[PDB]
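Chemist: This is the content of coords.tsv (TSV, N, CA and C atoms):
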chain	number	residue	atom	x	y	z
A	1	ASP	N	28.46	-3.97	33.47
A	1	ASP	CA	29.79	-3.47	33.80
A	1	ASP	C	30.06	-3.64	35.29
A	2	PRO	N	31.29	-4.02	35.68
A	2	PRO	CA	31.62	-4.09	37.11
A	2	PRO	C	31.52	-2.73	37.77
A	3	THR	N	31.08	-2.73	39.03
A	3	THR	CA	30.99	-1.51	39.82
A	3	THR	C	31.72	-1.68	41.14
A	4	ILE	N	32.21	-0.57	41.68
A	4	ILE	CA	32.92	-0.56	42.95
A	4	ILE	C	32.44	0.64	43.75
A	5	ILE	N	32.20	0.44	45.04
A	5	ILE	CA	31.75	1.50	45.94
A	5	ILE	C	32.66	1.50	47.16
A	6	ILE	N	33.07	2.69	47.58
A	6	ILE	CA	33.99	2.84	48.71
A	6	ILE	C	33.39	3.81	49.72
A	7	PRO	N	33.34	3.47	51.01
A	7	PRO	CA	32.76	4.39	51.99
A	7	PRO	C	33.59	5.66	52.11
A	8	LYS	N	32.92	6.74	52.50
A	8	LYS	CA	33.60	7.99	52.79
A	8	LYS	C	33.76	8.15	54.30
A	9	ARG	N	34.67	9.05	54.69
A	9	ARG	CA	35.05	9.15	56.10
A	9	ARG	C	33.87	9.52	56.99
A	10	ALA	N	32.82	10.11	56.42
A	10	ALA	CA	31.66	10.50	57.21
A	10	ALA	C	30.77	9.34	57.59
A	11	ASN	N	30.94	8.17	56.98
A	11	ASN	CA	30.09	7.02	57.25
A	11	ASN	C	30.76	5.94	58.09
A	12	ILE	N	32.03	6.10	58.44
A	12	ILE	CA	32.74	5.10	59.24
A	12	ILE	C	32.36	5.30	60.70
A	13	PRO	N	31.79	4.29	61.37
A	13	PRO	CA	31.47	4.45	62.79
A	13	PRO	C	32.72	4.73	63.62
A	14	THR	N	32.53	5.51	64.69
A	14	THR	CA	33.67	5.90	65.52
A	14	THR	C	34.42	4.69	66.06
A	15	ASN	N	33.71	3.58	66.31
A	15	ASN	CA	34.38	2.40	66.84
A	15	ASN	C	35.41	1.86	65.85
A	16	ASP	N	35.07	1.80	64.56
A	16	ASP	CA	36.02	1.29	63.58
A	16	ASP	C	37.24	2.19	63.44
A	17	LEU	N	37.10	3.49	63.68
A	17	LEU	CA	38.27	4.36	63.68
A	17	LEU	C	39.25	3.97	64.78
A	18	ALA	N	38.74	3.64	65.97
A	18	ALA	CA	39.62	3.16	67.03
A	18	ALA	C	40.28	1.84	66.64
A	19	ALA	N	39.51	0.92	66.06
A	19	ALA	CA	40.04	-0.38	65.67
A	19	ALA	C	40.75	-0.36	64.33
A	20	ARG	N	40.61	0.71	63.55
A	20	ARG	CA	41.26	0.82	62.25
A	20	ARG	C	40.82	-0.31	61.32
A	21	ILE	N	39.52	-0.37	61.05
A	21	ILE	CA	38.94	-1.35	60.15
A	21	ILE	C	38.04	-0.62	59.16
A	22	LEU	N	38.17	-0.97	57.88
A	22	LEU	CA	37.32	-0.46	56.82
A	22	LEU	C	36.52	-1.62	56.25
A	23	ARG	N	35.21	-1.43	56.10
A	23	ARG	CA	34.32	-2.47	55.61
A	23	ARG	C	33.26	-1.84	54.72
A	24	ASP	N	32.33	-2.68	54.26
A	24	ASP	CA	31.24	-2.28	53.37
A	24	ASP	C	31.74	-1.93	51.96
A	25	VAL	N	32.97	-2.30	51.62
A	25	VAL	CA	33.41	-2.17	50.24
A	25	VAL	C	32.71	-3.22	49.40
A	26	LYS	N	32.09	-2.79	48.31
A	26	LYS	CA	31.20	-3.65	47.53
A	26	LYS	C	31.66	-3.70	46.08
A	27	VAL	N	31.60	-4.90	45.50
A	27	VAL	CA	31.99	-5.12	44.11
A	27	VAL	C	30.89	-5.94	43.44
A	28	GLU	N	30.86	-5.89	42.11
A	28	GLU	CA	29.83	-6.58	41.35
A	28	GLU	C	30.44	-7.14	40.07
A	29	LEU	N	30.11	-8.39	39.77
A	29	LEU	CA	30.66	-9.08	38.61
A	29	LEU	C	29.57	-9.90	37.94
A	30	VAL	N	29.80	-10.27	36.69
A	30	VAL	CA	28.93	-11.17	35.94
A	30	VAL	C	29.79	-12.28	35.34
A	31	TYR	N	29.37	-13.52	35.54
A	31	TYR	CA	30.13	-14.67	35.06
A	31	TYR	C	29.63	-15.11	33.69
A	32	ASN	N	30.56	-15.60	32.87
A	32	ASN	CA	30.29	-15.99	31.49
A	32	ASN	C	30.23	-17.50	31.41
A	33	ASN	N	29.13	-18.03	30.87
A	33	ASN	CA	28.90	-19.46	30.87
A	33	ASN	C	29.48	-20.11	29.62
A	34	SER	N	29.99	-21.33	29.77
A	34	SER	CA	30.41	-22.12	28.63
A	34	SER	C	29.22	-22.83	28.01
A	35	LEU	N	29.49	-23.60	26.95
A	35	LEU	CA	28.47	-24.34	26.23
A	35	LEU	C	28.67	-25.83	26.44
A	36	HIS	N	27.59	-26.54	26.76
A	36	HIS	CA	27.65	-27.97	27.04
A	36	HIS	C	26.91	-28.83	26.03
A	37	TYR	N	25.62	-28.57	25.81
A	37	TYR	CA	24.79	-29.41	24.96
A	37	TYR	C	24.21	-28.58	23.83
A	38	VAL	N	24.18	-29.18	22.64
A	38	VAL	CA	23.65	-28.54	21.44
A	38	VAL	C	22.68	-29.50	20.77
A	39	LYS	N	21.61	-28.94	20.22
A	39	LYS	CA	20.58	-29.71	19.54
A	39	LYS	C	20.39	-29.18	18.13
A	40	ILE	N	20.19	-30.08	17.18
A	40	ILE	CA	20.04	-29.73	15.78
A	40	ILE	C	18.68	-30.22	15.30
A	41	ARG	N	18.11	-29.49	14.34
A	41	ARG	CA	16.84	-29.86	13.71
A	41	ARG	C	17.06	-29.84	12.20
A	42	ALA	N	17.55	-30.96	11.66
A	42	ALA	CA	17.77	-31.05	10.23
A	42	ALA	C	16.47	-31.39	9.51
A	43	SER	N	16.46	-31.14	8.21
A	43	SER	CA	15.32	-31.47	7.37
A	43	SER	C	15.81	-31.78	5.97
A	44	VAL	N	15.30	-32.87	5.41
A	44	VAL	CA	15.69	-33.35	4.09
A	44	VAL	C	14.49	-33.21	3.17
A	45	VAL	N	14.63	-32.42	2.12
A	45	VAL	CA	13.58	-32.25	1.13
A	45	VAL	C	13.72	-33.32	0.06
A	46	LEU	N	12.61	-33.65	-0.60
A	46	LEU	CA	12.59	-34.69	-1.61
A	46	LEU	C	12.20	-34.19	-2.99
A	47	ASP	N	11.17	-33.36	-3.09
A	47	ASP	CA	10.64	-32.92	-4.38
A	47	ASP	C	11.03	-31.48	-4.72
A	48	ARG	N	10.74	-30.53	-3.82
A	48	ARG	CA	10.98	-29.12	-4.08
A	48	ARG	C	11.22	-28.41	-2.76
A	49	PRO	N	12.18	-27.49	-2.69
A	49	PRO	CA	12.29	-26.66	-1.49
A	49	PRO	C	10.98	-25.91	-1.27
A	50	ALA	N	10.56	-25.84	0.00
A	50	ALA	CA	9.28	-25.21	0.33
A	50	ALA	C	9.23	-23.80	-0.23
A	51	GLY	N	8.15	-23.48	-0.94
A	51	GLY	CA	7.99	-22.14	-1.47
A	51	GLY	C	7.53	-21.15	-0.41
A	52	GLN	N	7.70	-19.87	-0.72
A	52	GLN	CA	7.33	-18.80	0.18
A	52	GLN	C	6.36	-17.86	-0.53
A	53	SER	N	5.60	-17.11	0.28
A	53	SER	CA	4.68	-16.13	-0.27
A	53	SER	C	5.44	-15.00	-0.93
A	54	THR	N	4.81	-14.38	-1.93
A	54	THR	CA	5.40	-13.24	-2.62
A	54	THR	C	5.21	-11.93	-1.87
A	55	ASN	N	4.82	-11.98	-0.60
A	55	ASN	CA	4.59	-10.78	0.20
A	55	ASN	C	5.94	-10.14	0.51
A	56	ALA	N	6.31	-9.15	-0.30
A	56	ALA	CA	7.59	-8.47	-0.16
A	56	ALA	C	7.53	-7.29	0.80
A	57	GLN	N	6.44	-7.13	1.53
A	57	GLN	CA	6.34	-6.04	2.50
A	57	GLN	C	7.16	-6.37	3.74
A	58	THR	N	7.58	-5.32	4.44
A	58	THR	CA	8.30	-5.52	5.68
A	58	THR	C	7.37	-6.13	6.72
A	59	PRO	N	7.81	-7.18	7.44
A	59	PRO	CA	6.90	-7.85	8.38
A	59	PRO	C	6.61	-6.96	9.59
A	60	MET	N	5.33	-6.67	9.80
A	60	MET	CA	4.93	-5.87	10.95
A	60	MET	C	5.24	-6.63	12.24
A	61	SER	N	5.62	-5.89	13.28
A	61	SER	CA	6.08	-6.48	14.53
A	61	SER	C	5.01	-6.56	15.61
A	62	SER	N	3.81	-6.04	15.36
A	62	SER	CA	2.78	-6.03	16.39
A	62	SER	C	1.41	-5.91	15.74
A	63	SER	N	0.39	-6.25	16.53
A	63	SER	CA	-0.99	-6.14	16.06
A	63	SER	C	-1.56	-4.77	16.40
A	64	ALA	N	-2.30	-4.20	15.45
A	64	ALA	CA	-2.89	-2.88	15.67
A	64	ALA	C	-3.93	-2.90	16.78
A	65	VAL	N	-4.75	-3.95	16.84
A	65	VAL	CA	-5.81	-4.04	17.84
A	65	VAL	C	-5.18	-4.40	19.18
A	66	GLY	N	-5.43	-3.56	20.19
A	66	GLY	CA	-4.84	-3.77	21.49
A	66	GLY	C	-5.81	-3.56	22.63
A	67	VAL	N	-7.08	-3.88	22.40
A	67	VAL	CA	-8.10	-3.72	23.43
A	67	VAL	C	-9.00	-4.96	23.46
B	1	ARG	N	-4.93	-8.44	-39.29
B	1	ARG	CA	-4.46	-9.40	-38.31
B	1	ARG	C	-3.38	-8.79	-37.43
B	2	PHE	N	-2.47	-8.02	-38.02
B	2	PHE	CA	-1.43	-7.38	-37.22
B	2	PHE	C	-2.04	-6.42	-36.21
B	3	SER	N	-3.01	-5.61	-36.63
B	3	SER	CA	-3.63	-4.67	-35.71
B	3	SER	C	-4.29	-5.39	-34.54
B	4	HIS	N	-5.00	-6.48	-34.81
B	4	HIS	CA	-5.58	-7.27	-33.73
B	4	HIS	C	-4.49	-7.89	-32.86
B	5	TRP	N	-3.43	-8.40	-33.48
B	5	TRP	CA	-2.37	-9.03	-32.71
B	5	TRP	C	-1.68	-8.04	-31.79
B	6	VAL	N	-1.55	-6.79	-32.23
B	6	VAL	CA	-1.00	-5.75	-31.36
B	6	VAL	C	-1.94	-5.48	-30.19
B	7	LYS	N	-3.24	-5.44	-30.45
B	7	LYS	CA	-4.20	-5.17	-29.39
B	7	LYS	C	-4.11	-6.22	-28.29
B	8	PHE	N	-4.09	-7.50	-28.68
B	8	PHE	CA	-4.12	-8.56	-27.68
B	8	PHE	C	-2.87	-8.55	-26.81
B	9	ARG	N	-1.70	-8.57	-27.43
B	9	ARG	CA	-0.46	-8.70	-26.67
B	9	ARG	C	-0.18	-7.49	-25.79
B	10	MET	N	-0.47	-6.28	-26.27
B	10	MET	CA	-0.27	-5.10	-25.44
B	10	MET	C	-1.17	-5.14	-24.22
B	11	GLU	N	-2.39	-5.65	-24.38
B	11	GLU	CA	-3.33	-5.70	-23.27
B	11	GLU	C	-2.90	-6.70	-22.21
B	12	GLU	N	-2.47	-7.89	-22.61
B	12	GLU	CA	-2.10	-8.91	-21.63
B	12	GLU	C	-0.79	-8.56	-20.94
B	13	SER	N	0.16	-7.98	-21.68
B	13	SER	CA	1.46	-7.67	-21.10
B	13	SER	C	1.38	-6.66	-19.97
B	14	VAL	N	0.65	-5.56	-20.15
B	14	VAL	CA	0.53	-4.58	-19.08
B	14	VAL	C	-0.20	-5.17	-17.89
B	15	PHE	N	-1.30	-5.88	-18.15
B	15	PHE	CA	-2.03	-6.51	-17.06
B	15	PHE	C	-1.15	-7.49	-16.31
B	16	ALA	N	-0.40	-8.32	-17.04
B	16	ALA	CA	0.44	-9.32	-16.39
B	16	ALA	C	1.47	-8.70	-15.47
B	17	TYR	N	1.85	-7.44	-15.70
B	17	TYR	CA	2.79	-6.77	-14.83
B	17	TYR	C	2.11	-6.13	-13.63
B	18	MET	N	0.92	-5.57	-13.82
B	18	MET	CA	0.20	-4.97	-12.70
B	18	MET	C	-0.10	-6.00	-11.62
B	19	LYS	N	-0.48	-7.21	-12.03
B	19	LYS	CA	-0.77	-8.26	-11.05
B	19	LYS	C	0.44	-8.53	-10.17
B	20	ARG	N	1.61	-8.69	-10.79
B	20	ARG	CA	2.82	-8.96	-10.01
B	20	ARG	C	3.03	-7.89	-8.95
B	21	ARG	N	2.96	-6.62	-9.33
B	21	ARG	CA	3.15	-5.55	-8.36
B	21	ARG	C	2.07	-5.59	-7.28
B	22	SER	N	0.82	-5.81	-7.68
B	22	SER	CA	-0.26	-5.80	-6.71
B	22	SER	C	-0.28	-7.08	-5.88
B	23	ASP	N	0.37	-8.14	-6.36
B	23	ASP	CA	0.41	-9.40	-5.64
B	23	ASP	C	1.59	-9.50	-4.69
B	24	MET	N	2.52	-8.55	-4.73
B	24	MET	CA	3.58	-8.45	-3.74
B	24	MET	C	3.24	-7.44	-2.65
B	25	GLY	N	2.05	-6.86	-2.69
B	25	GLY	CA	1.67	-5.83	-1.74
B	25	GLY	C	2.04	-4.45	-2.23
B	26	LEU	N	2.93	-4.38	-3.22
B	26	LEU	CA	3.40	-3.11	-3.76
B	26	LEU	C	2.65	-2.76	-5.03
B	27	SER	N	1.35	-2.47	-4.92
B	27	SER	CA	0.56	-2.14	-6.10
B	27	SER	C	1.03	-0.83	-6.71
B	28	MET	N	0.84	-0.70	-8.02
B	28	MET	CA	1.28	0.50	-8.72
B	28	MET	C	0.50	1.72	-8.26
B	29	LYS	N	1.16	2.87	-8.27
B	29	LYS	CA	0.56	4.13	-7.84
B	29	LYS	C	0.76	5.19	-8.91
B	30	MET	N	-0.14	6.17	-8.91
B	30	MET	CA	-0.08	7.26	-9.88
B	30	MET	C	0.81	8.38	-9.35
B	31	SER	N	2.03	8.05	-8.96
B	31	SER	CA	2.90	8.99	-8.25
B	31	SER	C	3.84	9.75	-9.16
B	32	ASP	N	3.85	9.46	-10.46
B	32	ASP	CA	4.72	10.14	-11.42
B	32	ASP	C	6.16	9.66	-11.25
B	33	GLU	N	6.40	8.83	-10.24
B	33	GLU	CA	7.70	8.18	-10.09
B	33	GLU	C	7.64	6.71	-10.50
B	34	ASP	N	6.43	6.18	-10.67
B	34	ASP	CA	6.25	4.79	-11.07
B	34	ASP	C	5.65	4.64	-12.47
B	35	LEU	N	4.93	5.64	-12.96
B	35	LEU	CA	4.33	5.57	-14.29
B	35	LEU	C	5.39	5.35	-15.36
B	36	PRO	N	6.53	6.05	-15.31
B	36	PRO	CA	7.50	5.93	-16.41
B	36	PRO	C	7.94	4.51	-16.69
B	37	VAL	N	7.79	3.61	-15.71
B	37	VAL	CA	8.23	2.23	-15.89
B	37	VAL	C	7.56	1.59	-17.09
B	38	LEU	N	6.41	2.12	-17.51
B	38	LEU	CA	5.69	1.53	-18.63
B	38	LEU	C	6.49	1.60	-19.92
B	39	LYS	N	7.53	2.43	-19.97
B	39	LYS	CA	8.38	2.48	-21.16
B	39	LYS	C	9.02	1.13	-21.42
B	40	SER	N	9.48	0.45	-20.37
B	40	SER	CA	10.16	-0.83	-20.53
B	40	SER	C	9.17	-1.97	-20.73
B	41	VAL	N	8.02	-1.91	-20.06
B	41	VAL	CA	7.07	-3.01	-20.15
B	41	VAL	C	6.53	-3.13	-21.57
B	42	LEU	N	6.10	-2.01	-22.15
B	42	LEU	CA	5.55	-2.06	-23.50
B	42	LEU	C	6.63	-2.34	-24.53
B	43	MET	N	7.79	-1.71	-24.40
B	43	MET	CA	8.86	-1.95	-25.36
B	43	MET	C	9.35	-3.39	-25.28
B	44	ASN	N	9.10	-4.06	-24.15
B	44	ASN	CA	9.66	-5.40	-23.97
B	44	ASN	C	8.86	-6.45	-24.74
B	45	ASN	N	7.60	-6.67	-24.35
B	45	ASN	CA	6.89	-7.82	-24.90
B	45	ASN	C	6.38	-7.56	-26.32
B	46	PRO	N	5.49	-6.60	-26.55
B	46	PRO	CA	4.96	-6.43	-27.91
B	46	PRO	C	5.96	-5.87	-28.91
B	47	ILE	N	6.59	-4.74	-28.57
B	47	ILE	CA	7.27	-3.95	-29.59
B	47	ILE	C	8.51	-4.66	-30.11
B	48	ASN	N	9.40	-5.08	-29.21
B	48	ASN	CA	10.65	-5.68	-29.67
B	48	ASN	C	10.41	-6.96	-30.44
B	49	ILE	N	9.47	-7.79	-29.98
B	49	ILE	CA	9.17	-9.02	-30.71
B	49	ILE	C	8.73	-8.70	-32.13
B	50	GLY	N	8.08	-7.55	-32.32
B	50	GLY	CA	7.70	-7.15	-33.66
B	50	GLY	C	8.88	-6.84	-34.55
B	51	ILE	N	9.91	-6.19	-34.00
B	51	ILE	CA	11.05	-5.79	-34.80
B	51	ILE	C	11.89	-7.00	-35.20
B	52	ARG	N	12.11	-7.92	-34.27
B	52	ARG	CA	12.94	-9.09	-34.59
B	52	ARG	C	12.29	-9.96	-35.66
B	53	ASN	N	10.97	-9.89	-35.81
B	53	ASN	CA	10.26	-10.68	-36.80
B	53	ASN	C	10.05	-9.95	-38.12
B	54	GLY	N	10.49	-8.70	-38.23
B	54	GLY	CA	10.32	-7.93	-39.43
B	54	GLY	C	8.96	-7.28	-39.59
B	55	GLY	N	8.06	-7.43	-38.61
B	55	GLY	CA	6.74	-6.84	-38.74
B	55	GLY	C	6.75	-5.33	-38.71
B	56	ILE	N	7.59	-4.73	-37.87
B	56	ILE	CA	7.61	-3.29	-37.65
B	56	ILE	C	8.85	-2.71	-38.32
B	57	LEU	N	8.67	-1.59	-39.01
B	57	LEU	CA	9.79	-0.93	-39.67
B	57	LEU	C	10.64	-0.16	-38.66
B	58	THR	N	11.84	0.20	-39.09
B	58	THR	CA	12.74	1.01	-38.30
B	58	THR	C	13.79	1.61	-39.23
B	59	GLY	N	14.27	2.79	-38.86
B	59	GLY	CA	15.26	3.48	-39.67
B	59	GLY	C	14.94	4.95	-39.87
B	60	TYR	N	15.31	5.48	-41.03
B	60	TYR	CA	15.12	6.90	-41.31
B	60	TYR	C	14.66	7.06	-42.75
B	61	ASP	N	13.98	8.17	-43.01
B	61	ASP	CA	13.43	8.47	-44.33
B	61	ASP	C	14.13	9.70	-44.90
B	62	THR	N	14.61	9.58	-46.14
B	62	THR	CA	15.44	10.63	-46.72
B	62	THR	C	14.65	11.77	-47.33
B	63	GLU	N	13.41	11.54	-47.76
B	63	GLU	CA	12.62	12.58	-48.41
B	63	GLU	C	11.62	13.22	-47.46
B	64	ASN	N	10.96	12.43	-46.61
B	64	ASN	CA	10.12	13.00	-45.57
B	64	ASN	C	10.93	13.47	-44.38
B	65	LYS	N	12.17	13.00	-44.24
B	65	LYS	CA	13.10	13.39	-43.19
B	65	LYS	C	12.63	12.97	-41.80
B	66	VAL	N	11.71	12.01	-41.71
B	66	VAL	CA	11.24	11.54	-40.42
B	66	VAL	C	11.77	10.14	-40.16
B	67	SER	N	11.92	9.81	-38.88
B	67	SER	CA	12.38	8.49	-38.48
B	67	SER	C	11.20	7.57	-38.22
B	68	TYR	N	11.47	6.27	-38.30
B	68	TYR	CA	10.44	5.25	-38.10
B	68	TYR	C	10.48	4.63	-36.72
What does this structure look like when you write it as structure tokens?
Modeler:
Amino acid sequence: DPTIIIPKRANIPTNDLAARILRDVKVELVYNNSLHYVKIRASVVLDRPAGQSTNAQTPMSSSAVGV
Amino acid sequence: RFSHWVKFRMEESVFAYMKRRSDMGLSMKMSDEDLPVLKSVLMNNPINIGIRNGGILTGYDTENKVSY
């Protein structure tokens, strides 16, 4: 999300008050990229679509052993 | 022959179903929520095939008053 910060009167140096200048205002943005190149990986089967295991359990996301 | 034929088919049918459950990782459990399923397994392969072939009787009895 964009953010904006504005100085408060307690942080303006006395010199800038004489010159009447405000600075250190800060903004933040994120740019959105377009798409240029795309790659495809096609596959043509000949005899039978590849079979899959009958393991109907939910696929675990991590290994129990961690040492 | 019928009694033997009932023995064989009932035995293979239940086993053939347990393997499927145990081969998907979901083996059968004695939880009282899975046992009742045997009503459909047994009625499916052995019993119904018997009725369509005329081997097993069905209906009602007028003098004994019991159903078949």
Chemist: Quick one: contact table of chain A to chain B, 5 Å max, nearest atom pair and distance in Å to one decimal per residue, counting all atoms listed in the file, chain and number order, as CSV?
Modeler:
residue,atom,partner,partner_atom,distance
A:54,C,B:24,CA,4.3
A:55,CA,B:24,C,4.6
A:56,N,B:24,C,4.2
Chemist: CA of residue 55 (chain B) and CA of residue 13 (chain B), how far apart in Å?
Modeler: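 Going from CA of residue 13 (chain B) over to CA of residue 55 (chain B) covers 18.4 Å.
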Chemist: So which bits of chain A end up helix (DSSP H, G or I) when you DSSP the backbone, as a short mmCIF file (atom, residue, chain, number, x, y, z; two decimals) with N, CA and C atoms, in the coordinates of the input?
Modeler:
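The file below, states11.cif, is the result:
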data_model
loop_
_atom_site.label_atom_id
_atom_site.label_comp_id
_atom_site.auth_asym_id
_atom_site.auth_seq_id
_atom_site.Cartn_x
_atom_site.Cartn_y
_atom_site.Cartn_z
N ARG A 9 34.67 9.05 54.69
CA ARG A 9 35.05 9.15 56.10
C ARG A 9 33.87 9.52 56.99
N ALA A 10 32.82 10.11 56.42
CA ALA A 10 31.66 10.50 57.21
C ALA A 10 30.77 9.34 57.59
N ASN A 11 30.94 8.17 56.98
CA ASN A 11 30.09 7.02 57.25
C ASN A 11 30.76 5.94 58.09
N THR A 14 32.53 5.51 64.69
CA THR A 14 33.67 5.90 65.52
C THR A 14 34.42 4.69 66.06
N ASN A 15 33.71 3.58 66.31
CA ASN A 15 34.38 2.40 66.84
C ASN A 15 35.41 1.86 65.85
N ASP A 16 35.07 1.80 64.56
CA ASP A 16 36.02 1.29 63.58
C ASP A 16 37.24 2.19 63.44
N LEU A 17 37.10 3.49 63.68
CA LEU A 17 38.27 4.36 63.68
C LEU A 17 39.25 3.97 64.78
N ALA A 18 38.74 3.64 65.97
CA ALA A 18 39.62 3.16 67.03
C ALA A 18 40.28 1.84 66.64
N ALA A 19 39.51 0.92 66.06
CA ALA A 19 40.04 -0.38 65.67
C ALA A 19 40.75 -0.36 64.33
#
Chemist: For region 17-34 of chain A, work out the shell of residues within 6 Å, counting only N, CA and C atoms and skipping chain neighbours fewer than 5 positions away, then give it as a short mmCIF file (atom, residue, chain, number, x, y, z; two decimals) with N, CA and C atoms, in the coordinates of the input.
Modeler:
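Dumped to around_35.cif:
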data_model
loop_
_atom_site.label_atom_id
_atom_site.label_comp_id
_atom_site.auth_asym_id
_atom_site.auth_seq_id
_atom_site.Cartn_x
_atom_site.Cartn_y
_atom_site.Cartn_z
N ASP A 1 28.46 -3.97 33.47
CA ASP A 1 29.79 -3.47 33.80
C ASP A 1 30.06 -3.64 35.29
N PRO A 2 31.29 -4.02 35.68
CA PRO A 2 31.62 -4.09 37.11
C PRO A 2 31.52 -2.73 37.77
N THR A 3 31.08 -2.73 39.03
CA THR A 3 30.99 -1.51 39.82
C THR A 3 31.72 -1.68 41.14
N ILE A 4 32.21 -0.57 41.68
CA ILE A 4 32.92 -0.56 42.95
C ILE A 4 32.44 0.64 43.75
N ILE A 5 32.20 0.44 45.04
CA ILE A 5 31.75 1.50 45.94
C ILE A 5 32.66 1.50 47.16
N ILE A 6 33.07 2.69 47.58
CA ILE A 6 33.99 2.84 48.71
C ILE A 6 33.39 3.81 49.72
N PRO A 7 33.34 3.47 51.01
CA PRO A 7 32.76 4.39 51.99
C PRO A 7 33.59 5.66 52.11
N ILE A 12 32.03 6.10 58.44
CA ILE A 12 32.74 5.10 59.24
C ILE A 12 32.36 5.30 60.70
#
Chemist: Record the distance separating atom N of residue 47 (chain B) and atom C of residue 5 (chain B), expressed in Å with one decimal.
Modeler: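 Answer for the atom N of residue 47 (chain B) to atom C of residue 5 (chain B) separation: 9.5 Å.
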Chemist: With distances taken over all atoms listed in the file, which residue among B:1, B:10, B:60, B:66 lies nearest residue 45 (chain B)?
Modeler: B:10
Chemist: To one decimal in Å, tell me the separation between atom C of residue 49 (chain B) and atom C of residue 14 (chain B).
Modeler: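 Atom-to-atom, atom C of residue 49 (chain B) and atom C of residue 14 (chain B) are spaced 17.2 Å apart.
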